[PDB]
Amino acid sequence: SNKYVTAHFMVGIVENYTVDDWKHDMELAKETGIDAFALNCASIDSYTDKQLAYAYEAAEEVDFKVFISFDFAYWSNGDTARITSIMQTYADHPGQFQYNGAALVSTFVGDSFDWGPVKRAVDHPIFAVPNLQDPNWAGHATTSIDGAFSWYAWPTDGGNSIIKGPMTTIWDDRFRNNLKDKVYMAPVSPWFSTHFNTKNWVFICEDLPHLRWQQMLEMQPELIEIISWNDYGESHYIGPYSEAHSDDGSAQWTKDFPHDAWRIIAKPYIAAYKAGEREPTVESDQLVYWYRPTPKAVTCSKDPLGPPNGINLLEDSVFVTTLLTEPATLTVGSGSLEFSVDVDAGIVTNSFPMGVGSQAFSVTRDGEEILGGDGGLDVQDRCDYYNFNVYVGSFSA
């Protein structure tokens, strides 16, 4: 009956992590109210066993928890013996995240992997919540599951066209209807932008870094997984940009693009979600802002990859989430443009037309500025490469 929030962590990019690197990520996750990392890992990485051992040790040492996400883009159904041996190592580890007295285990893809032989070979109870693609098959799953994890974190109609938002709960409600008694782990992602030779698209997210958390308070799923802590290559990271991870080419659009301020939004929503509350509690005045580096129609000078699929559906907007103890007035300067809007107490998002140039934010109450400053990135009217990630920043009273 207790509710918990987890975050997807890419073990595949941390070959060179130390225990101290893991501890740093875990401390930041704890400060946000996250309960555990899903350690997404691959059979093909020679460093998987080493880094799982470091993560479980770090979690035990800093009062955090972890569980394994077997990434079945790499793991295979023929790996049952190795998966079993890993669960024999970790299901009863004090740092292993437990749900209802059983060790949580999950996947990326891997719908066809049968958990029966694993569960029946491990003495400690296991709670299997794999990533499943079809809500209806989740209803009659043959693989000995205890719940399902959805990857439908972004607007989609089920096909391969990119569709406009705003995000809806249509897929969440389909999973929940089919799961009945079983548990549902809902995905929470702030953004999506990827730009590789093998994957080059955006999803239409916009106000998603706030809106999705509001949906979580409405929906009250049994578990949440944040997509993601550190998948720089898909731009949905809410964790820090770690110096020790291995760059895959995503540094091009991520190294200068902090996302840490999105944790300011997540923190009160996580507390409210765990408490069963329908609205967050604001403890101090804060502001979180985000925006892309250029207007969407700018043509690049030299990108060997074309523009990402879907960009025409984006808006040229600056997004601002205010976290307010009392009503106030929000003023935004975006290039030569200036806007203002009265905002209620609570957590509210407003979008503003993007202008090229410097960005400025200010919140005033009773004719006095309570917070404000300059955006950390000037919006530009040209680019070498297409970057549809966002810069995120904050101001706190």
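For every residue, the number given is its place in the sequence shown, counted from 1.
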**Request:** Tell me which of 199-207 and 303-311 has the higher mean C-alpha B-factor in the deposited entry.
**Result:** 303-311
**Asked** For the C-alpha atoms alone, is the average B factor greater in 368-376 or in 352-360, going by the entry?
**Response** 368-376
**Residue selected from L323, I238, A186, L179 by maximal Cα B factor** = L179
**Asked** Which is it among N100, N230, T107, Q214: the one with the largest CA B-factor in the entry?
**Response** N100
**Item:** Chain-relative CA temperature factor third for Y289
**Value:** lowest
**Asked** Which third, lowest, middle or highest, does the CA B-factor of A59 fall in along this chain?
**Response** middle
**Prompt:** Can you tell me which third, lowest, middle or highest, the CA B-factor of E243 falls into for its chain?
**Reply:** highest
**Request:** Determine, from the deposited record, the chain-internal third of the Cα B-factor for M10: lowest, middle or highest.
**Result:** lowest
**Fill in**
The third of the chain into which the C-alpha temperature factor of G95 falls is the middle
